[PDB]
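Chains as they are written, first to last, in PDB author numbering: chain A, 1 to 188; chain A', 1 to 188. A prime marks a further copy of an entry chain.
Number of protein chains: 2
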Amino acid sequence: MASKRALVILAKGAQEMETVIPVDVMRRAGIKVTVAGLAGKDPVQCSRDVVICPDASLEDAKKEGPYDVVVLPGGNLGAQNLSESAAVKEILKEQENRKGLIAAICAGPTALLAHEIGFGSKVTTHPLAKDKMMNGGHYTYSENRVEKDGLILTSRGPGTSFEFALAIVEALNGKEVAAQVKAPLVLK
Amino acid sequence: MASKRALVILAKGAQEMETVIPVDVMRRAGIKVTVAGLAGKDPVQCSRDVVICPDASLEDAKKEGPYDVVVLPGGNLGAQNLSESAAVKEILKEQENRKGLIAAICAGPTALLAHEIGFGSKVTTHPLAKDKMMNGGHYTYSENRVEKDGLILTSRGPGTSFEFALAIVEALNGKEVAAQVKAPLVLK
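Spelled out as structure tokens, the structure:
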């Protein structure tokens, strides 16, 4: 059985917990994860100054698609950088067109708004990103910790990151793989 | 009021979630955190292949002590590397002698055993690290998600990392700072 593949797009100002937790949990599930630097291959300064080194540039990772999921971490500045990128636009439009999963957390869903992705969907965000996301009425808002409307999967914050990551694993690899990955984590 | 200071010792094979979550949460609390590379300043490959760039080498960070807390992430290989380091030994002995906090998660507490730190204390670990930690009977074991016996603070796994980090914040900066840092996280 071929391994599923995930693209995690890492921009300056990304929320580092929301980057690392999904990467780690997806890799535990046997997903081949590419941490792709929006800016290139150089290390990325996250929202609380953790510095993460990409596996590859987004420019190169874009050429090795398609991916079973495209993951957008949060962080206000990270999400703004994702929102400004034409490369990200192209990747997300292609992913929607091919009926592939898109997963975004905290402020990350606001890049879906910027790139006109998933309009009409029910979404959640961090509470502090609600009004940016809802500007223009292009979505329906949800309070759920993880929200999934077809292939638009959204979540709220650092404290929903494990739930978000496990939801991605379940969507890709099924319930039993997600449950097996969950138990050694010592979640409550 | 002078900012409290934390030393997070980052070794090859460290559990990346257990590194990032405490760093991020402590920084949210206004703690000045130094992510110190055991090996030097070069990027560190974690247990699930996330690569984190240290702020400084342990060699240099050791010279800018003392620190209000020394934090030991888990990961089997990370903890083994911490356990083999004479520099880590010296830092932990100094921290115990000065009545400073030591915080270790998952397999991280097994470096306390290696360095003869805190013998007699009640500790927890990841379940899979229990028998390494208990070899020789130098500690008393606990099932609590976070365990604190004086200035020996231990915890169990990725899924206890927020609890662990908030316990460190509470110990350093008090209950109200920890509660203020907690709410925007969207923990359950």
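Here a beta-carbon is modelled for each residue, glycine too, at the ideal position from N, C-alpha and C.
| Query | Result |
| --- | --- |
| Unbroken alpha helix (DSSP H) run spanning residue 149 of chain A, endpoints | Counting along the chain, residue 149 of chain A falls outside any alpha helix (DSSP H), though it belongs to the beta strand (DSSP E) covering 146 to 149. |
| Residue 36 of chain A', buried or exposed, once every other Cβ within 10 Å from all chains shown has been counted against 16 | buried |
| For residue 51 of chain A and residue 70 of chain A, the rounded distance between their alpha carbons | 21 Å |
| Where the segment 23 to 54 of chain A meets chain A': residues whose CB sits under 7 Å from a CB there | 23, 24, 27, 28, 43, 48, 49, 50, 51, 52 and 53 |
| Listed by chain order, chain A residues near residue 152 of chain A' by CB distance under 8 Å | Neighbours of residue 152 of chain A' on chain A: none; closest Cβ ~19 Å, over 8 Å. |
| Candidates A'/11, A'/156, A'/148 and A'/121, of which the one nearest residue 129 of chain A' by Cα | A'/156 |
| heavy atom of the ligand NAP below 6 Å from residue 68 of chain A' C-beta | Absent from the structure shown: the ligand NAP. Ligands present: none. |
| Supposed close pair residue 78 of chain A', residue 12 of chain A' - CB separation, criterion 8 Å | 7 Å |
| Cα-Cα separation between residue 54 of chain A' and residue 103 of chain A, rounded to whole angstroms | 29 Å |
| C-beta atoms of residue 187 of chain A' and residue 108 of chain A nearer than 7 Å | no |
| Residue 22 of chain A' burial status per 10 Å Cβ neighbour count (16 or more: buried) | buried |
| Contact belief for residue 151 of chain A' with residue 101 of chain A' at Cβ below 8 Å, rounded distance in angstroms | 5 Å |
| Nonlocal neighbours in the same chain, by C-beta distance under 8 Å from residue 96 of chain A, ignoring five residues either side | 102, 117, 118 and 151 |
| Span separating the alpha-carbon of residue 123 of chain A from that of residue 106 of chain A' | 34 Å |
| Inter-stretch contact at 8 Å, needing at least 3 Cβ pairs: the segment 161 to 176 of chain A' / the segment 169 to 181 of chain A | no |
| Those residues which DSSP pairs with residue 155 of chain A across a bridge | A/105 and A/146 |
| Alpha helix (DSSP H) segments (min. 4 residues) lying fully within the segment 44 to 90 of chain A | 58 to 61 and 76 to 84 |
| Status (buried if at least 16 other CB within 10 Å, exposed otherwise) for residue 6 of chain A' | buried |
| Proximity test, Cβ basis, 7 Å: residue 21 of chain A and chain A' | yes |
| Those residues which DSSP pairs with residue 32 of chain A' across a bridge | A'/5 |
| Whether residue 185 of chain A' touches residue 4 of chain A' by CB criterion (7 Å) | no |
| Separation of residue 44 of chain A' from residue 131 of chain A', as counted between CA atoms | 28 Å |
| Where residue 160 of chain A' falls: helix, strand or coil (DSSP) | helix |
| Assigned exposure category for residue 61 of chain A' - 16 Cβ within 10 Å defines buried | buried |
| Against chain A': residues of the segment 144 to 175 of chain A by CB proximity under 8 Å | 145, 156, 157, 158, 159, 160 and 162 |
| Residue 83 of chain A' vs residue 114 of chain A' beta-carbon contact at 7 Å | yes |
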